[PDB]
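Chemist: Here it is, the structure in full.
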Amino acid sequence: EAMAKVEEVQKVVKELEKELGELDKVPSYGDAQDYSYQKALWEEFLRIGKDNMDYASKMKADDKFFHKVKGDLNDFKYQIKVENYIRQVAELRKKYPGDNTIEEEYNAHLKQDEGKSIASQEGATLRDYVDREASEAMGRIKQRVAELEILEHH
Ligand SMILES: [Cl-]
Ligand SMILES: [Cl-]
């Protein structure tokens, strides 16, 4: 009844462990100035997220901040996706430099900057932008690349 509650957490942690594992396979964008903001932003979410999941392990069902720590785990997942999407576009932009569509979708919907970033977002607002605006643009970018890979390979 309450044990089902804590395991519910250990799992979310483990899901995050798997997620970070896959993020690790995706190349990092590096130190380019274009990603300097996302880089430091991700660095913070990483430091903050790792702490939260370490706690969610040594955390017991009756914690006052049980809910707070949980919500944070949920936001982390979406922060992981963003870092992931951006690592992918960085890679794509280098493979298909100049291509307008990629640069445009990125700048309009994914690029993180002071003001327009998920640094100020949490909960439903956060998942909304990620599952919608960000994922949509990622999909369109991928259609571009597909065509590009097809055109490249005349
Ligand atoms: Cl954004
Ligand atoms: Cl979008």
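In the structure tokens, each chain is lettered A, B, ... as it comes, each chain's residues begin at 1, and ligands are numbered from 1 in order of appearance.
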Considering only C-alpha atoms, return as a PyMOL selection string whatever protein or nucleic-acid residues lie within 12 Å of residue 117 (chain A), sequence-local ones (same chain, fewer than 2 positions apart) excluded.
Modeler: chain A and resi 37-38+41-42+79+82-83+107-115+119-122+125-126+129-130+134
Chemist: Could those selected residues go to a file with N, CA and C atoms, as a PDB file, in the first residue's frame?
Modeler:
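Listed below is the output, result-v2.pdb:
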```
ATOM      1  N   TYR A  37      25.279  27.953 -23.400  1.00  0.00           N
ATOM      2  CA  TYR A  37      24.200  28.098 -22.436  1.00  0.00           C
ATOM      3  C   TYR A  37      23.578  26.739 -22.059  1.00  0.00           C
ATOM      4  N   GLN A  38      23.244  25.926 -23.057  1.00  0.00           N
ATOM      5  CA  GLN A  38      22.670  24.602 -22.797  1.00  0.00           C
ATOM      6  C   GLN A  38      23.667  23.740 -22.024  1.00  0.00           C
ATOM      7  N   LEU A  41      23.645  24.752 -18.545  1.00  0.00           N
ATOM      8  CA  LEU A  41      22.302  24.479 -18.042  1.00  0.00           C
ATOM      9  C   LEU A  41      22.186  22.981 -17.758  1.00  0.00           C
ATOM     10  N   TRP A  42      22.563  22.169 -18.738  1.00  0.00           N
ATOM     11  CA  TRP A  42      22.518  20.724 -18.570  1.00  0.00           C
ATOM     12  C   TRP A  42      23.386  20.297 -17.379  1.00  0.00           C
ATOM     13  N   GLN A  79      14.448  17.079 -18.992  1.00  0.00           N
ATOM     14  CA  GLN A  79      15.681  17.842 -19.167  1.00  0.00           C
ATOM     15  C   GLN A  79      16.669  16.956 -19.908  1.00  0.00           C
ATOM     16  N   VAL A  82      15.839  17.084 -23.661  1.00  0.00           N
ATOM     17  CA  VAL A  82      16.331  18.304 -24.285  1.00  0.00           C
ATOM     18  C   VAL A  82      17.826  18.209 -24.592  1.00  0.00           C
ATOM     19  N   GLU A  83      18.618  17.817 -23.601  1.00  0.00           N
ATOM     20  CA  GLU A  83      20.058  17.669 -23.791  1.00  0.00           C
ATOM     21  C   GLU A  83      20.282  16.692 -24.939  1.00  0.00           C
ATOM     22  N   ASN A 107      16.755  27.005 -34.065  1.00  0.00           N
ATOM     23  CA  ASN A 107      16.684  28.346 -33.489  1.00  0.00           C
ATOM     24  C   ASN A 107      15.309  28.712 -32.968  1.00  0.00           C
ATOM     25  N   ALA A 108      14.281  28.333 -33.712  1.00  0.00           N
ATOM     26  CA  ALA A 108      12.918  28.649 -33.325  1.00  0.00           C
ATOM     27  C   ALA A 108      12.334  27.788 -32.205  1.00  0.00           C
ATOM     28  N   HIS A 109      12.687  26.505 -32.159  1.00  0.00           N
ATOM     29  CA  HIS A 109      12.074  25.615 -31.182  1.00  0.00           C
ATOM     30  C   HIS A 109      12.923  24.860 -30.170  1.00  0.00           C
ATOM     31  N   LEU A 110      14.223  24.728 -30.403  1.00  0.00           N
ATOM     32  CA  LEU A 110      15.040  23.964 -29.471  1.00  0.00           C
ATOM     33  C   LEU A 110      16.155  24.729 -28.789  1.00  0.00           C
ATOM     34  N   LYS A 111      16.813  25.617 -29.524  1.00  0.00           N
ATOM     35  CA  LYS A 111      17.914  26.384 -28.952  1.00  0.00           C
ATOM     36  C   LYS A 111      17.531  26.995 -27.614  1.00  0.00           C
ATOM     37  N   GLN A 112      18.367  26.753 -26.609  1.00  0.00           N
ATOM     38  CA  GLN A 112      18.154  27.262 -25.258  1.00  0.00           C
ATOM     39  C   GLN A 112      18.944  28.557 -25.062  1.00  0.00           C
ATOM     40  N   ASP A 113      18.270  29.585 -24.551  1.00  0.00           N
ATOM     41  CA  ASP A 113      18.888  30.893 -24.310  1.00  0.00           C
ATOM     42  C   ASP A 113      18.261  31.552 -23.095  1.00  0.00           C
ATOM     43  N   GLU A 114      18.994  32.468 -22.471  1.00  0.00           N
ATOM     44  CA  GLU A 114      18.461  33.166 -21.310  1.00  0.00           C
ATOM     45  C   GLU A 114      17.124  33.740 -21.759  1.00  0.00           C
ATOM     46  N   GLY A 115      16.083  33.464 -20.985  1.00  0.00           N
ATOM     47  CA  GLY A 115      14.755  33.928 -21.344  1.00  0.00           C
ATOM     48  C   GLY A 115      13.983  32.759 -21.924  1.00  0.00           C
ATOM     49  N   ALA A 119      14.805  26.465 -18.164  1.00  0.00           N
ATOM     50  CA  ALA A 119      15.406  26.687 -16.851  1.00  0.00           C
ATOM     51  C   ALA A 119      14.313  27.200 -15.913  1.00  0.00           C
ATOM     52  N   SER A 120      13.340  27.896 -16.486  1.00  0.00           N
ATOM     53  CA  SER A 120      12.247  28.458 -15.710  1.00  0.00           C
ATOM     54  C   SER A 120      10.997  27.582 -15.734  1.00  0.00           C
ATOM     55  N   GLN A 121      11.091  26.419 -16.369  1.00  0.00           N
ATOM     56  CA  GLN A 121       9.939  25.535 -16.467  1.00  0.00           C
ATOM     57  C   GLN A 121       9.988  24.278 -15.606  1.00  0.00           C
ATOM     58  N   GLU A 122       8.805  23.858 -15.174  1.00  0.00           N
ATOM     59  CA  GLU A 122       8.654  22.700 -14.321  1.00  0.00           C
ATOM     60  C   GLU A 122       7.274  22.077 -14.544  1.00  0.00           C
ATOM     61  N   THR A 125       4.097  22.440 -17.508  1.00  0.00           N
ATOM     62  CA  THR A 125       4.621  23.416 -18.446  1.00  0.00           C
ATOM     63  C   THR A 125       5.834  22.809 -19.113  1.00  0.00           C
ATOM     64  N   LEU A 126       6.677  22.179 -18.303  1.00  0.00           N
ATOM     65  CA  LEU A 126       7.898  21.571 -18.816  1.00  0.00           C
ATOM     66  C   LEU A 126       7.625  20.422 -19.773  1.00  0.00           C
ATOM     67  N   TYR A 129       6.137  21.681 -23.366  1.00  0.00           N
ATOM     68  CA  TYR A 129       7.115  22.176 -24.331  1.00  0.00           C
ATOM     69  C   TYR A 129       7.968  21.059 -24.906  1.00  0.00           C
ATOM     70  N   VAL A 130       8.334  20.096 -24.068  1.00  0.00           N
ATOM     71  CA  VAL A 130       9.170  18.997 -24.533  1.00  0.00           C
ATOM     72  C   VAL A 130       8.418  17.977 -25.383  1.00  0.00           C
ATOM     73  N   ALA A 134       9.176  21.029 -28.715  1.00  0.00           N
ATOM     74  CA  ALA A 134      10.488  20.440 -28.952  1.00  0.00           C
ATOM     75  C   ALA A 134      10.463  19.138 -29.777  1.00  0.00           C
TER      76      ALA A 134
END
```
Chemist: Using only C-alpha atoms, which residues sit within 12 Å of residue 60 (chain A) once same-chain residues fewer than 2 positions away are excluded, as a PyMOL selection string?
Modeler: chain A and resi 2-10+55-58+62-67+69-70
Chemist: Could you dump the residues just selected with N, CA, C and O atoms as a CSV table (one decimal), in the first residue's frame?
Modeler:
```csv
chain,number,residue,atom,x,y,z
A,2,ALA,N,1.9,1.2,0.8
A,2,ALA,CA,2.9,2.3,0.9
A,2,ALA,C,4.2,1.9,0.4
A,2,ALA,O,5.1,2.7,0.0
A,3,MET,N,4.4,0.6,0.3
A,3,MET,CA,5.6,0.0,-0.2
A,3,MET,C,5.6,0.2,-1.8
A,3,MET,O,6.6,0.4,-2.4
A,4,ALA,N,4.4,0.1,-2.3
A,4,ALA,CA,4.1,0.2,-3.7
A,4,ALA,C,4.5,1.6,-4.1
A,4,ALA,O,4.7,1.9,-5.3
A,5,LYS,N,4.5,2.5,-3.1
A,5,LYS,CA,4.8,3.9,-3.3
A,5,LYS,C,6.3,4.2,-3.5
A,5,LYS,O,6.7,4.9,-4.4
A,6,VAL,N,7.1,3.7,-2.6
A,6,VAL,CA,8.5,3.9,-2.7
A,6,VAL,C,9.2,3.2,-3.8
A,6,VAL,O,10.1,3.7,-4.4
A,7,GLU,N,8.7,2.0,-4.2
A,7,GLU,CA,9.3,1.2,-5.3
A,7,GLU,C,8.9,2.0,-6.6
A,7,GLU,O,9.7,2.0,-7.6
A,8,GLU,N,7.8,2.6,-6.6
A,8,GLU,CA,7.3,3.4,-7.7
A,8,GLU,C,8.4,4.4,-8.0
A,8,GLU,O,8.7,4.8,-9.2
A,9,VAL,N,9.1,4.9,-7.0
A,9,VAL,CA,10.2,5.8,-7.1
A,9,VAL,C,11.5,5.1,-7.5
A,9,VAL,O,12.1,5.6,-8.5
A,10,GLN,N,11.9,4.1,-6.8
A,10,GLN,CA,13.2,3.4,-7.2
A,10,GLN,C,13.2,3.1,-8.7
A,10,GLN,O,14.2,3.1,-9.3
A,55,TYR,N,19.1,10.7,-3.3
A,55,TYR,CA,18.2,10.9,-2.2
A,55,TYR,C,16.9,10.0,-2.3
A,55,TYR,O,16.5,9.5,-1.3
A,56,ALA,N,16.4,9.9,-3.5
A,56,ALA,CA,15.2,9.0,-3.7
A,56,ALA,C,15.5,7.6,-3.4
A,56,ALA,O,14.6,6.8,-3.3
A,57,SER,N,16.8,7.3,-3.2
A,57,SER,CA,17.2,5.9,-2.8
A,57,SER,C,17.2,5.8,-1.3
A,57,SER,O,16.7,4.9,-0.7
A,58,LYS,N,17.9,6.8,-0.6
A,58,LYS,CA,17.9,6.8,0.8
A,58,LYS,C,16.7,7.6,1.4
A,58,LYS,O,16.7,8.0,2.5
A,62,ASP,N,7.7,8.1,4.1
A,62,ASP,CA,7.1,9.2,4.9
A,62,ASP,C,7.9,10.5,4.9
A,62,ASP,O,7.8,11.3,5.8
A,63,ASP,N,8.7,10.7,3.8
A,63,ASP,CA,9.5,11.9,3.7
A,63,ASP,C,8.6,13.1,3.5
A,63,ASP,O,7.6,13.1,2.7
A,64,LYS,N,8.9,14.2,4.1
A,64,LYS,CA,8.1,15.5,4.0
A,64,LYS,C,8.2,16.0,2.5
A,64,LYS,O,7.2,16.4,1.9
A,65,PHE,N,9.4,15.8,2.0
A,65,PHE,CA,9.7,16.3,0.7
A,65,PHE,C,9.7,15.2,-0.4
A,65,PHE,O,10.2,15.3,-1.4
A,66,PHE,N,9.0,14.1,0.0
A,66,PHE,CA,8.8,12.9,-0.9
A,66,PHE,C,8.3,13.4,-2.3
A,66,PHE,O,8.8,13.0,-3.3
A,67,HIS,N,7.2,14.2,-2.2
A,67,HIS,CA,6.6,14.6,-3.4
A,67,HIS,C,7.5,15.6,-4.2
A,67,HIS,O,7.6,15.5,-5.4
A,69,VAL,N,10.8,15.8,-4.2
A,69,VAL,CA,11.9,15.0,-4.8
A,69,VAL,C,11.3,14.3,-6.0
A,69,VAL,O,12.1,14.1,-7.0
A,70,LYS,N,10.1,13.8,-5.9
A,70,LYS,CA,9.5,13.0,-7.1
A,70,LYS,C,9.3,13.9,-8.3
A,70,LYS,O,9.8,13.6,-9.4
```
Chemist: Hey, which residues come within 8 Å of ligand 2 if we count only C-alpha atoms and all ligand atoms? Could you give them as a PyMOL selection string?
Modeler: chain A and resi 105+109+132-138
Chemist: Deliver the residues from the most recent selection as a file, using N, CA and C atoms, as an mmCIF file, in the first residue's frame.
Modeler:
```cif
data_model
loop_
_atom_site.group_PDB
_atom_site.id
_atom_site.type_symbol
_atom_site.label_atom_id
_atom_site.label_comp_id
_atom_site.auth_asym_id
_atom_site.auth_seq_id
_atom_site.Cartn_x
_atom_site.Cartn_y
_atom_site.Cartn_z
ATOM 1 N N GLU A 105 14.547 25.388 -37.553
ATOM 2 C CA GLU A 105 13.771 24.630 -36.575
ATOM 3 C C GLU A 105 14.496 24.734 -35.235
ATOM 4 N N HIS A 109 12.687 26.505 -32.159
ATOM 5 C CA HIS A 109 12.074 25.615 -31.182
ATOM 6 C C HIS A 109 12.923 24.860 -30.170
ATOM 7 N N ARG A 132 5.737 18.440 -26.927
ATOM 8 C CA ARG A 132 5.121 19.089 -28.066
ATOM 9 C C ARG A 132 6.076 19.911 -28.903
ATOM 10 N N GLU A 133 6.192 21.197 -28.603
ATOM 11 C CA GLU A 133 7.060 22.051 -29.394
ATOM 12 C C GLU A 133 8.421 21.430 -29.728
ATOM 13 N N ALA A 134 9.176 21.029 -28.715
ATOM 14 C CA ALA A 134 10.488 20.440 -28.952
ATOM 15 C C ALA A 134 10.463 19.138 -29.777
ATOM 16 N N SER A 135 9.596 18.193 -29.417
ATOM 17 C CA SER A 135 9.540 16.928 -30.146
ATOM 18 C C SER A 135 9.079 17.106 -31.578
ATOM 19 N N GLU A 136 8.146 18.032 -31.781
ATOM 20 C CA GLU A 136 7.638 18.317 -33.114
ATOM 21 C C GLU A 136 8.790 18.773 -34.004
ATOM 22 N N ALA A 137 9.515 19.791 -33.549
ATOM 23 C CA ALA A 137 10.627 20.345 -34.314
ATOM 24 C C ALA A 137 11.712 19.305 -34.566
ATOM 25 N N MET A 138 11.899 18.409 -33.607
ATOM 26 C CA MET A 138 12.895 17.361 -33.739
ATOM 27 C C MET A 138 12.466 16.436 -34.881
#
```
Chemist: With only C-alpha atoms and all ligand atoms as the basis for distance, which of A:68, A:93, A:127, A:144 is at the shortest distance from ligand 1?
Modeler: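 Of the candidates, the smallest distance to ligand 1 is held by A:127.
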Chemist: To one decimal place, how far is CA of residue 88 (chain A) from CA of residue 142 (chain A) in Å?
Modeler: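 Separation between CA of residue 88 (chain A) and CA of residue 142 (chain A): 9.8 Å.
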Chemist: Would you mind telling me which residue in A:11, A:20, A:123, A:128 lies nearest to residue 74 (chain A) when using only C-alpha atoms?
Modeler: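 Comparing A:11, A:20, A:123, A:128 against residue 74 (chain A), the winner is A:123.
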Chemist: One number please: CA of residue 77 (chain A) to CA of residue 106 (chain A), in Å, one decimal.
Modeler: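 Here the two named atoms are 20.4 Å from each other.
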Chemist: Nearest residue to residue 124 (chain A) out of A:72, A:61, A:52, A:149, using only C-alpha atoms?
Modeler: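 Nearest candidate to residue 124 (chain A) out of A:72, A:61, A:52, A:149: A:72.
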Chemist: Measure the distance from CA of residue 24 (chain A) to CA of residue 91 (chain A) in Å and round it to one decimal.
Modeler: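 Between CA of residue 24 (chain A) and CA of residue 91 (chain A) the gap works out to 14.2 Å.
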Chemist: I need the alpha helix (DSSP H) residues of region 11-64 of chain A per DSSP on the backbone, written as a compact mmCIF listing (two decimals) with C-alpha atoms, in the first residue's frame.
Modeler:
```txt
# COMPACT_ATOMS: atom_id res chain seq x y z
CA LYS A 11 11.88 2.51 -10.65
CA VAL A 12 11.67 6.13 -11.85
CA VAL A 13 15.26 6.41 -10.62
CA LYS A 14 16.22 3.29 -12.57
CA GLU A 15 14.37 4.61 -15.59
CA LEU A 16 16.47 7.76 -15.27
CA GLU A 17 19.59 5.60 -14.98
CA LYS A 18 18.69 3.94 -18.27
CA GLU A 19 17.97 7.32 -19.84
CA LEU A 20 21.29 8.78 -18.76
CA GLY A 21 22.89 5.61 -20.07
CA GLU A 22 21.53 6.23 -23.55
CA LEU A 23 22.33 9.95 -23.39
CA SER A 36 27.51 27.32 -24.11
CA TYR A 37 24.20 28.10 -22.44
CA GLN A 38 22.67 24.60 -22.80
CA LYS A 39 26.01 23.11 -21.71
CA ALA A 40 26.05 24.93 -18.36
CA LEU A 41 22.30 24.48 -18.04
CA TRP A 42 22.52 20.72 -18.57
CA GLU A 43 25.49 20.62 -16.17
CA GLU A 44 23.21 22.02 -13.48
CA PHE A 45 20.25 19.76 -14.19
CA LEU A 46 22.73 16.84 -14.11
CA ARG A 47 24.21 17.84 -10.78
CA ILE A 48 20.72 18.53 -9.43
CA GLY A 49 19.15 15.41 -10.91
CA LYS A 50 21.85 13.02 -9.69
CA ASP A 51 21.48 14.41 -6.16
CA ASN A 52 17.69 13.99 -6.28
CA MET A 53 17.92 10.37 -7.34
CA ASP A 54 20.60 9.51 -4.78
CA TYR A 55 18.16 10.92 -2.22
```
